[PDB]
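Read the structure below first, then the notes.
The numbers here are math on the coordinates, done by the rules we state, and not lab data. FYI the Cβ positions are ideal-geometry reconstructions off the backbone, even for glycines, and counts take in every protein chain you see.
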Amino acid sequence: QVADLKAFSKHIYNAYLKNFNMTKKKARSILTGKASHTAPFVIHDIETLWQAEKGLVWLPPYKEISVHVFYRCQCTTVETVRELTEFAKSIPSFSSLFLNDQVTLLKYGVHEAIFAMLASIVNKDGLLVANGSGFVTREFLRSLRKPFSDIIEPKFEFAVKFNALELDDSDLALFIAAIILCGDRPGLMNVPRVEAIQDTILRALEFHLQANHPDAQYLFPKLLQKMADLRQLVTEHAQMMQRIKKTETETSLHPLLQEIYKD
Ligand SMILES: O=C(O)CCCCCOc1ccccc1CN(C(=O)c1ccc(-c2ccco2)cc1)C1CC1
Ligand SMILES: CCCCCCCO[C@@H]1O[C@H](CO)[C@@H](O)[C@H](O)[C@H]1O
Ligand SMILES: CCCCCCCO[C@@H]1O[C@H](CO)[C@@H](O)[C@H](O)[C@H]1O
């Protein structure tokens, strides 16, 4: 059964191309200046942030710059949760699950997927925003006051290392599918069914990497380790979010994100 994993992989890639607004392909063309005549507007301080909000690029009541950026981060994660939900639903084996198990997988998997996909719009100097029309510098995000700068920097560190693996969109489609269809999530109802789906995806991933990266040694075990790394990254992220909820009482959290962090 070699030709069915290809079709299984092909369905997942099509679900990926069908549902995500930004591909790594498009992201990398922009970040390297080959995308178009127009380059992204660089946000590196308060003035350029204001100019970007004023129209050159682009919420709850305004509070301060660091909280405003945080709100922008929430806008992007919520929208990526939407895309991941439709991505997962475009996978027949995911849609076959009972709706409550679908929610459990997304609840505990979306942030791991978000921070994996985030690497696609990141370089060591910053990341793309607003569909690639802007670029926020890493230095500017580091300059935000704690705890908001603390919750951002670890994702850049993971991203730069992840990008060294040089995955393409067909690799990431399978990788993200494996994150969402994870049998370890708490409160899962049909654990054996999810684990069986996960296993098929991981077989399809290995097969796909052998075909797509023939000279890439150890790439499949490396990606399994990155899946474990994302669990730790998201664990640390949830802890920092708990601290924001305790100490930044004037900062609003989107209702959907509140439900994800309900525990
Ligand atoms: O837990 C939650 O769901 C909500 C809390 C997330 C807090 C952490 O968010 C981080 C961390 C590191 C890197 C990127 C993001 C957010 N982000 C962005 O695309 C993004 C980043 C910066 C800006 C921006 C606008 C103006 C100046 O900067 C706009 C968008 C991708 C993950 C989604
Ligand atoms: C298939 C449609 C009907 C499904 C009805 C089953 C609802 O179960 C609920 O699923 C939620 C996770 O999704 C959990 O958070 C709740 O604890 C649990 O009670
Ligand atoms: C839309 C995809 C993203 C889903 C976001 C996660 C939703 O949170 C969970 O929704 C369940 C109701 O179904 C509740 O039982 C849980 O208490 C709650 O934690």
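For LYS222, go through the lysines and keep the ones whose alpha-carbon is under 19 Å away, minus same-chain ones fewer than eight residues off. Candidates past the 8-residue exclusion: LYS155, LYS161.
Any idea how far the Cα center of segment 87-110 sits from the one of segment 33-85, in Å? So the two Cα centres are separated by 29 Å.
Net charge around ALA204, counting only other residues with Cβ within less than 12 Å of its Cβ (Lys, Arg = +1; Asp, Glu = -1)?
Spelling it out: positives minus negatives among the neighbours equals -1.
From the helices alone, meaning DSSP H stretches of at least four residues, give me the mean residue ellipticity at 222 nm for the chain, per-run term -39500 (n - 2.57), in deg cm²/dmol to the nearest 500. Don't jump to the answer; show the numbers that get you there.
On the way: 12 runs with 166 residues, N = 263.
The per-residue figure over the chain is -20500 deg cm²/dmol.
Compared with the alpha-carbon gap, the fully stretched path from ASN19 to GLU53 is longer by 9.6 nm at 0.36 nm per residue. Between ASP168 and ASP45, the simple label model (points 7 Å from Cα in the Cβ direction) yields a spacing of 4.2 nm. Sorted on the mean count of surrounding Cβ atoms within 10 Å across their residues, most packed first, peptides 59-68, 180-189 read 180-189, 59-68. Could you tell me the calculated FRET efficiency between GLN217 and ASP125, based on Cβ-Cβ distance and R0 = 35 angstrom, to the nearest 0.05? Rounded to the nearest 0.05, the efficiency is 0.75. Checking every one of the chymotrypsin sites (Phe, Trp or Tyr not before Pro) in segment 154-263 against DSSP loop status and a limit of 11 other Cβ atoms within 10 Å picks out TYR218. Other residues with beta-carbon under 14 Å from the beta-carbon of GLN217 carry, at +1 per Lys or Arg and -1 per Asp or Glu, a net charge of -2.
Go through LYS6/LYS226; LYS34/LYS245; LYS54/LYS226 and tell me which ones have a Cα-Cα distance over 32 Å in this structure.
Where the Cα-Cα span goes over 32 Å, the pairs concerned are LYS34/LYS245; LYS54/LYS226.
Check each of the GluC sites (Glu not before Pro) in segment 224-262 and keep only those in coil by DSSP with at most 13 other C-beta atoms within 10 angstrom; list them in order.
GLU250
Put simply, when 113-124, 70-81, 46-57 are sorted by average Cβ atoms within 10 angstrom per residue, most first, you get 113-124, 70-81, 46-57.
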